[PDB]
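Here is the structure we will look at.
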Amino acid sequence: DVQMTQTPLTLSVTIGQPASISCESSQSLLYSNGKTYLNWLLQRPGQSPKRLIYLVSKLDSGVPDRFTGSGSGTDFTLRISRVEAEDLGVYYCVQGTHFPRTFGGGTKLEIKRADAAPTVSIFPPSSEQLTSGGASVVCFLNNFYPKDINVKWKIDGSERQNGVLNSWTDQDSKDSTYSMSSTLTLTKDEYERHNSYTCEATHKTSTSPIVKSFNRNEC
Amino acid sequence: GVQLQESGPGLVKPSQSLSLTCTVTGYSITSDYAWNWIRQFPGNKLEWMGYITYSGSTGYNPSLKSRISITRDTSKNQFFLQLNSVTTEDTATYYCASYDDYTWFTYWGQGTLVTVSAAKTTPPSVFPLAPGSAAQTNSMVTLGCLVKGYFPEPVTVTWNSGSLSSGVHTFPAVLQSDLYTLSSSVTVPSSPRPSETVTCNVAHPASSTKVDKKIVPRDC
């Protein structure tokens, strides 16, 4: 199998700046008819892969003039003269000269944007859930940047690691921010043996952590 | 234009056979090109499985060949994928695609998720998320829906039947104990809610479940 190696693994670039992705094959991708079958795909978040370039440097229909492909033999490069928000996603290198067809590992393009503080909201368990014998406390941290963030849960002031489920969305193409959901799940019995529930967020945009909480007294 | 659409079971028991269908509209599969099956594993890894050309000849990835088969139905304009003795390692998103490497013709399907597990299909429980110790004195109000305890993926979440689309954040599901938990949030100005109604609509095809949950202010 021909091995495709893409560099770098990730690329954080600001809008308007250039970006370059490299791809190397262990064997020459030159075919017996003189053509080199090397394509480039782009898989935007939540979408199927889409081919941008084929035969090394030919642009597929609809693909902006900003993209340019070059290379020969075993070394190929994809260049974007000016990055736009819609370019974010995962770029793949793929060869069709040797059997079986193989793809490179992928290069994730992230839009380097200005720092943005998260908007935190906390939610107590719904009455409907409490009836089932369970209790989930939810905390949303929306539209922030960079992606790095630390969320801590405190029940009656004590930190809780067990039973916490965290999930991040991919980078939003409209504002280039990320959002995060943190859910703390407890049994109805444990939820009722405590009073204060706190969601604490540590992010580079604030010197002190951002805190949201509620007590089972004011509902 | 040309359109490829995958269809098939979303859940398959281990050791059993997986069967998927790719329905092609807008172009005949006997005219030209190779019609492929490609799968994507969690983690972004892509793997070409095989193809059947317009002439009916097939080609399979050596790593699968012993248990893979691709056939077609020229009267319905469809080609199929059959993967035998599937294990948990075959869990992935399956795509059908058509291209030739030297022409402008390239089309990919939407992809379909296939989970291999012994776990049973379970409908989700939908809980409304409304503000707690507050009446929302700010300008914006964030609401949400918690979709808990379902299997397998995926579920679909819309707000107010799709009319409410801006300010929405639906988070990727997290697995725990053979069950998934997903959440979604929507932010609206203090003007609407609680005045105007805000409902989240969740659908779980695997269990043919469909539930609309209205978000109402808490009393307590």
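Just remember, in the structure tokens the first chain shown is A, the second B, etc., residues are 1-based per chain, and ligands are 1-based in the order shown.
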
Worksheet item: Can you list, as a list in words, every protein, DNA or RNA residue that comes within 12 Å of residue 18 of chain B when you count only C-alpha atoms, leaving out same-chain residues fewer than 6 positions away?
Response: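 Residues meeting the cut-off are residues 7, 8, 9, 10, 11, 12, 67, 68, 69, 70, 80, 81, 82, 83, 84, 85, 86, 87, 90, 91, 92, 94, 113, 114, 115 and 116 of chain B.
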
May I ask you to extract the residues of chain B within 8 Å of chain A, using only C-alpha atoms, and to give them as a PDB file with N, CA and C atoms, in the first residue's frame?
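And here's result_39.pdb as it stands now:
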ATOM      1  N   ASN B  44     -11.575  10.643  11.870  1.00  0.00           N
ATOM      2  CA  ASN B  44     -11.305  11.157  10.521  1.00  0.00           C
ATOM      3  C   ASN B  44     -10.707  10.175   9.505  1.00  0.00           C
ATOM      4  N   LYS B  45     -10.255   9.005   9.941  1.00  0.00           N
ATOM      5  CA  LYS B  45      -9.664   8.067   8.992  1.00  0.00           C
ATOM      6  C   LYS B  45     -10.626   7.592   7.911  1.00  0.00           C
ATOM      7  N   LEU B  46     -10.178   7.712   6.668  1.00  0.00           N
ATOM      8  CA  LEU B  46     -10.956   7.318   5.502  1.00  0.00           C
ATOM      9  C   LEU B  46     -10.388   6.053   4.887  1.00  0.00           C
ATOM     10  N   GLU B  47     -11.266   5.180   4.415  1.00  0.00           N
ATOM     11  CA  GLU B  47     -10.807   3.947   3.792  1.00  0.00           C
ATOM     12  C   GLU B  47     -11.624   3.601   2.558  1.00  0.00           C
ATOM     13  N   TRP B  48     -10.949   3.418   1.429  1.00  0.00           N
ATOM     14  CA  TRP B  48     -11.636   3.041   0.199  1.00  0.00           C
ATOM     15  C   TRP B  48     -11.898   1.538   0.302  1.00  0.00           C
ATOM     16  N   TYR B  60     -11.739  -4.655  -5.135  1.00  0.00           N
ATOM     17  CA  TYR B  60     -11.879  -4.572  -3.685  1.00  0.00           C
ATOM     18  C   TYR B  60     -10.558  -4.277  -2.988  1.00  0.00           C
ATOM     19  N   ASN B  61     -10.628  -3.606  -1.846  1.00  0.00           N
ATOM     20  CA  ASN B  61      -9.424  -3.311  -1.082  1.00  0.00           C
ATOM     21  C   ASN B  61      -8.992  -4.673  -0.541  1.00  0.00           C
ATOM     22  N   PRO B  62      -7.713  -5.042  -0.728  1.00  0.00           N
ATOM     23  CA  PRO B  62      -7.147  -6.321  -0.277  1.00  0.00           C
ATOM     24  C   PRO B  62      -7.456  -6.663   1.173  1.00  0.00           C
ATOM     25  N   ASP B 101     -11.013  10.270 -11.541  1.00  0.00           N
ATOM     26  CA  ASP B 101      -9.652  10.782 -11.356  1.00  0.00           C
ATOM     27  C   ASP B 101      -9.075  11.658 -12.461  1.00  0.00           C
ATOM     28  N   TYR B 102      -9.682  11.667 -13.642  1.00  0.00           N
ATOM     29  CA  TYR B 102      -9.134  12.508 -14.701  1.00  0.00           C
ATOM     30  C   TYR B 102     -10.138  13.470 -15.326  1.00  0.00           C
ATOM     31  N   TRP B 104     -13.900  16.053 -14.598  1.00  0.00           N
ATOM     32  CA  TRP B 104     -14.534  16.961 -13.640  1.00  0.00           C
ATOM     33  C   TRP B 104     -15.684  16.295 -12.879  1.00  0.00           C
ATOM     34  N   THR B 106     -17.492  14.343 -10.347  1.00  0.00           N
ATOM     35  CA  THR B 106     -17.266  13.848  -8.992  1.00  0.00           C
ATOM     36  C   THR B 106     -18.476  14.159  -8.116  1.00  0.00           C
ATOM     37  N   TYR B 107     -19.034  13.118  -7.510  1.00  0.00           N
ATOM     38  CA  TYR B 107     -20.201  13.259  -6.657  1.00  0.00           C
ATOM     39  C   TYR B 107     -20.111  12.294  -5.485  1.00  0.00           C
ATOM     40  N   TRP B 108     -20.460  12.782  -4.301  1.00  0.00           N
ATOM     41  CA  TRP B 108     -20.434  11.966  -3.098  1.00  0.00           C
ATOM     42  C   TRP B 108     -21.818  11.908  -2.482  1.00  0.00           C
ATOM     43  N   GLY B 109     -22.114  10.793  -1.824  1.00  0.00           N
ATOM     44  CA  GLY B 109     -23.392  10.654  -1.158  1.00  0.00           C
ATOM     45  C   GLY B 109     -23.358  11.467   0.125  1.00  0.00           C
ATOM     46  N   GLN B 110     -24.435  11.392   0.894  1.00  0.00           N
ATOM     47  CA  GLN B 110     -24.554  12.124   2.143  1.00  0.00           C
ATOM     48  C   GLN B 110     -23.890  11.337   3.265  1.00  0.00           C
ATOM     49  N   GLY B 111     -23.750  10.034   3.047  1.00  0.00           N
ATOM     50  CA  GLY B 111     -23.144   9.173   4.042  1.00  0.00           C
ATOM     51  C   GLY B 111     -24.205   8.638   4.977  1.00  0.00           C
ATOM     52  N   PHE B 127     -35.949  16.102  27.843  1.00  0.00           N
ATOM     53  CA  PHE B 127     -36.238  16.972  28.967  1.00  0.00           C
ATOM     54  C   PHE B 127     -36.017  18.436  28.593  1.00  0.00           C
ATOM     55  N   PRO B 128     -36.973  19.306  28.948  1.00  0.00           N
ATOM     56  CA  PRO B 128     -36.882  20.738  28.654  1.00  0.00           C
ATOM     57  C   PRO B 128     -35.937  21.443  29.620  1.00  0.00           C
ATOM     58  N   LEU B 129     -35.144  22.371  29.097  1.00  0.00           N
ATOM     59  CA  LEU B 129     -34.204  23.130  29.908  1.00  0.00           C
ATOM     60  C   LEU B 129     -34.615  24.606  29.957  1.00  0.00           C
ATOM     61  N   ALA B 130     -35.173  25.036  31.084  1.00  0.00           N
ATOM     62  CA  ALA B 130     -35.599  26.425  31.242  1.00  0.00           C
ATOM     63  C   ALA B 130     -34.830  27.098  32.377  1.00  0.00           C
ATOM     64  N   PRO B 131     -34.655  28.430  32.306  1.00  0.00           N
ATOM     65  CA  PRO B 131     -33.930  29.186  33.337  1.00  0.00           C
ATOM     66  C   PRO B 131     -34.398  28.863  34.756  1.00  0.00           C
ATOM     67  N   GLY B 132     -33.457  28.839  35.694  1.00  0.00           N
ATOM     68  CA  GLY B 132     -33.799  28.536  37.071  1.00  0.00           C
ATOM     69  C   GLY B 132     -34.047  29.755  37.941  1.00  0.00           C
ATOM     70  N   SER B 133     -33.184  29.943  38.938  1.00  0.00           N
ATOM     71  CA  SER B 133     -33.282  31.060  39.878  1.00  0.00           C
ATOM     72  C   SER B 133     -33.101  32.424  39.208  1.00  0.00           C
ATOM     73  N   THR B 142     -31.352  32.040  27.107  1.00  0.00           N
ATOM     74  CA  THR B 142     -30.911  30.782  26.523  1.00  0.00           C
ATOM     75  C   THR B 142     -31.754  29.643  27.069  1.00  0.00           C
ATOM     76  N   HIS B 169     -27.248  25.843  18.934  1.00  0.00           N
ATOM     77  CA  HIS B 169     -26.043  25.045  19.121  1.00  0.00           C
ATOM     78  C   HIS B 169     -26.418  23.622  19.527  1.00  0.00           C
ATOM     79  N   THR B 170     -26.182  22.669  18.638  1.00  0.00           N
ATOM     80  CA  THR B 170     -26.480  21.280  18.942  1.00  0.00           C
ATOM     81  C   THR B 170     -25.142  20.583  19.086  1.00  0.00           C
ATOM     82  N   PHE B 171     -24.909  20.050  20.280  1.00  0.00           N
ATOM     83  CA  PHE B 171     -23.662  19.393  20.620  1.00  0.00           C
ATOM     84  C   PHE B 171     -23.612  17.914  20.252  1.00  0.00           C
ATOM     85  N   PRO B 172     -22.420  17.422  19.875  1.00  0.00           N
ATOM     86  CA  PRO B 172     -22.214  16.019  19.500  1.00  0.00           C
ATOM     87  C   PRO B 172     -22.580  15.121  20.681  1.00  0.00           C
ATOM     88  N   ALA B 173     -23.175  13.972  20.388  1.00  0.00           N
ATOM     89  CA  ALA B 173     -23.582  13.035  21.435  1.00  0.00           C
ATOM     90  C   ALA B 173     -22.378  12.410  22.123  1.00  0.00           C
ATOM     91  N   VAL B 174     -22.549  12.081  23.397  1.00  0.00           N
ATOM     92  CA  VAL B 174     -21.501  11.457  24.193  1.00  0.00           C
ATOM     93  C   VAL B 174     -22.057  10.114  24.649  1.00  0.00           C
ATOM     94  N   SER B 183     -27.277  17.309  23.721  1.00  0.00           N
ATOM     95  CA  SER B 183     -27.969  18.504  24.168  1.00  0.00           C
ATOM     96  C   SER B 183     -27.987  19.522  23.041  1.00  0.00           C
ATOM     97  N   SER B 185     -28.994  23.932  22.422  1.00  0.00           N
ATOM     98  CA  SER B 185     -29.391  25.173  23.059  1.00  0.00           C
ATOM     99  C   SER B 185     -29.794  26.204  22.024  1.00  0.00           C
ATOM    100  N   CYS B 220     -42.363  26.204  40.556  1.00  0.00           N
ATOM    101  CA  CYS B 220     -41.696  25.714  41.756  1.00  0.00           C
ATOM    102  C   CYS B 220     -42.020  26.555  42.996  1.00  0.00           C
TER     103      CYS B 220
END

Discussion item. List as a PyMOL selection string the protein and nucleic acid residues near residue 213 of chain B, meaning an atom at most 7 Å away when only C-alpha atoms are counted, but skip any in the same chain fewer than 5 places from it.
Written reply: chain B and resi 128+199-201

File of the preceding selection, C-alpha atoms, as a tab-separated table (two decimals), in the first residue's frame:
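Here's the written file out.tsv:
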chain	number	residue	atom	x	y	z
B	128	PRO	CA	-36.88	20.74	28.65
B	199	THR	CA	-40.41	24.02	21.12
B	200	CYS	CA	-37.59	21.60	20.33
B	201	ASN	CA	-38.39	18.76	17.94

Practice prompt. Apply DSSP to the structure's backbone, then extract all residues of segment 1-217 of chain A labelled strand (DSSP E or B) and return them as a VMD selection string.
Written response: chain A and resid 4 to 7 10 to 13 19 to 25 30 36 38 to 43 50 to 54 58 to 59 67 to 72 75 to 80 89 to 95 102 to 103 107 to 111 116 119 to 123 134 to 145 150 to 155 158 to 160 164 to 168 178 to 187 196 to 202 210 to 215

Worksheet entry | Using only C-alpha atoms: which of A:151, A:130, A:164, A:117 has the shortest distance to residue 177 of chain A |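 Closest to residue 177 of chain A, using only C-alpha atoms: A:117.
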
Worksheet entry | DSSP helix (DSSP H, G or I) selection over segment 39-203 of chain B, as a list in words |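 Checking each residue of segment 39-203 of chain B, the helix (DSSP H, G or I) ones are residues 65, 66, 67, 88, 89, 90, 160, 161 and 162 of chain B.
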
Worksheet item: By how many Å are atom CA of residue 187 of chain A and atom CA of residue 178 of chain B apart?
Response: 18.1 Å

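Using only C-alpha atoms, the nearest neighbour of residue 78 of chain A within the list A:111, A:30, A:139, A:21 is A:21.
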
Worksheet entry | Pick from A:211, A:155, A:9, A:29 nearest to residue 108 of chain A, counting only C-alpha atoms |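 Among A:211, A:155, A:9, A:29, it is A:9 that comes nearest to residue 108 of chain A.
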
Fill in: Neighbour list for segment 74-79 of chain B as a PyMOL selection string, cut-off 10 Å, only C-alpha atoms, skip fewer than 3 positions in-chain
chain B and resi 4-6+20-30+35-37+51-52+54+56+70-71+96

Worksheet entry | Close residues, residue 149 of chain B itself excluded, 9 Å, only C-alpha atoms, min 2 positions apart in chain, as a list in words |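 The residues that qualify are residues 122, 123, 124, 125, 147, 151, 176, 178, 179, 180, 181 and 182 of chain B.
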
Worksheet item: Can you list, as number ranges by chain, every protein, DNA or RNA residue that comes within 9 Å of residue 14 of chain A when you count only C-alpha atoms, leaving out same-chain residues fewer than 3 positions away?
Response: A: 17-18, 83-85, 110-113

Worksheet item: Distance atom CA of residue 196 of chain B-atom CA of residue 184 of chain B, one decimal place?
Response: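 If I compute the distance from atom CA of residue 196 of chain B to atom CA of residue 184 of chain B, I get 19.0 Å.
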